[PDB]
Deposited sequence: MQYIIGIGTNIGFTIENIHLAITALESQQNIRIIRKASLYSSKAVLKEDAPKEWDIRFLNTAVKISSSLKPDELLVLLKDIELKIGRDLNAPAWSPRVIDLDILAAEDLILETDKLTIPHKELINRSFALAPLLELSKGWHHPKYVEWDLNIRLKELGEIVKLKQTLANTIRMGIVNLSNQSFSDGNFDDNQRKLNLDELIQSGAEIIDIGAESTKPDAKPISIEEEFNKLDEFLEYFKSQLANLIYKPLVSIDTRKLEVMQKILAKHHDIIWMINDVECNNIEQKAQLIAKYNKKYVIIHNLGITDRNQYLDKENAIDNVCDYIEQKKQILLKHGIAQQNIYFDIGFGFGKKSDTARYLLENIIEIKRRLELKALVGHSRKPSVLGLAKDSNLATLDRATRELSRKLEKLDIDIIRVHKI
């Protein structure tokens, strides 16, 4: 029995909620995932006088599955999954929700009961459901209305953006470096935020440290400021990216989490000093954390050669990993990062990159790869122009995506 399952969310970490739903389905032995749709963005469809608090942009998709679950049984499952993910199914109708799962279609089945109607009653009135459905089943008609060309119907409905964010194994982390103002204007950091979201960044990495020593106060205030602006723009954003804080200072981590933990997904450490206190902090806030190989080598003669680089990298990260684990932190919440720009010779960086899969395998941690615009990693001349850097970055990005590298950190998508 094939089904299309509609998935929607407009609260919490949106792409994560969707992924959790799909994983929960895929975990069932009596369900087979046939295909996942693209990601679609739309304004909350609301009743005419609903509180503006409910007006938060949606992320929608659908998945096609095969199952031995009969329709009523599958509905029970869907509710069970919404519950576990954290939805309040007695909450007011039309209100925001962490996850929503419905049966959009079941081939040409027509089922009409009070408790369950298939196809879903509103399928042909909702672009955020009909779009992903049509993406998955190209020639599909509502079985009651076989004469109705739903491609034209979808066009009539409009009001839907097909995002460039995807549900792929590899997510793109767009770089928001807050370290070009004019007489009356300083929104370049905002204009670049849009460029990232539009081009498909699933995550954004916000940092105020430069790659000149800057105070805790300055760093924090720069972060705090962008995050206040992010918050003011949240509800209308066509896609709400996961947020990573890019910093090496414990105090900054603490202050910023204390104030904005609700909207932060990940801490991306630039230098894993005081791993013990940081571990305690990651445990307290339950965020993702990225271990980087940055030993703070200041002498170029002492940079890592390639022949022992894999042992040097893994030994160090493993040691930091175990400390995190010993603080109760779930291994699945920890990522590693080679840190190409730190303490490594050119051929070493290139070498660590070529052997990235071996490293992930040995570390048993997911990988964050920061290759963007690094000549050494890209196998390019250091004095290469921005154009040749981004073209080499995109090509490498394609290869890492195919390798199912977990996160790639890039200046542009």
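Quiz prompt | Missing C-alpha runs, given along the deposited sequence, first residue counted as 1 | solution = Residues missing from the model, as numbered along the full deposited sequence, span 180-183, 216-219.
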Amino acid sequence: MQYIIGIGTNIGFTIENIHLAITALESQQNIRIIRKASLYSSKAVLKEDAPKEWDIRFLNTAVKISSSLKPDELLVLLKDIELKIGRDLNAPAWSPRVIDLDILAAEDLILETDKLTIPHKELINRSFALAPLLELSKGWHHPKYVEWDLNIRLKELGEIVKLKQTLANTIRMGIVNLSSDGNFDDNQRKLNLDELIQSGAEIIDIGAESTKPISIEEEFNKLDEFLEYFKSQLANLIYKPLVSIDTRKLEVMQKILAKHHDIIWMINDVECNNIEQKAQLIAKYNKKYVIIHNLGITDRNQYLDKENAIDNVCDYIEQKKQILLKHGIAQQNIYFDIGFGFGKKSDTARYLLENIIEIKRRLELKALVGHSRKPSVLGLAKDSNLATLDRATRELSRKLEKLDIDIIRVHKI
From here on, numbers count along this sequence of modelled residues.
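Self-check item: Mean temperature factor over C-alpha atoms, higher-scoring stretch between 322-330 and 183-191
Solution: Result of the comparison: 183-191.
Exercise. Look over 235-243 and 273-281 in the entry and identify the one with the greater average Cα temperature factor.
Key: Here the higher of the two C-alpha B-factor means belongs to 273-281.
Self-check item: Out of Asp305, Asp315, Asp205, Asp88, highest CA B-factor residue
Solution: Answer for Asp305, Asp315, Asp205, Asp88: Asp88, with the highest C-alpha B-factor.
Self-check item: Out of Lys84, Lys144, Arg172, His120, highest CA B-factor residue
Solution: Across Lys84, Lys144, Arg172, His120, the entry lists the biggest C-alpha B-factor for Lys84.
Quiz item: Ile405's Cα B-factor: lowest, middle or highest third of the chain?
Solution: It belongs to the lowest third of the chain when residues are ordered by C-alpha B-factor.
Exercise. Classify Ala44 as lowest, middle or highest third according to the C-alpha B-factor given in the PDB entry, relative to its own chain.
Key: Highest third of the chain for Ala44's C-alpha B-factor.
Quiz item: By the record's CA B-factor, is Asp149 among the lowest, middle or highest third of residues in the chain?
Solution: Its C-alpha B-factor, which the entry lists for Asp149, ranks in the middle third among residues of this chain.
Quiz prompt | Third assignment of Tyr335 from its chain's C-alpha B-factors | solution = Bottom third by C-alpha B-factor.
Quiz item: Compared with the other modelled residues in the chain, in which third is the CA B-factor of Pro71?
Solution: CA B-factor rank for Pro71: middle third.
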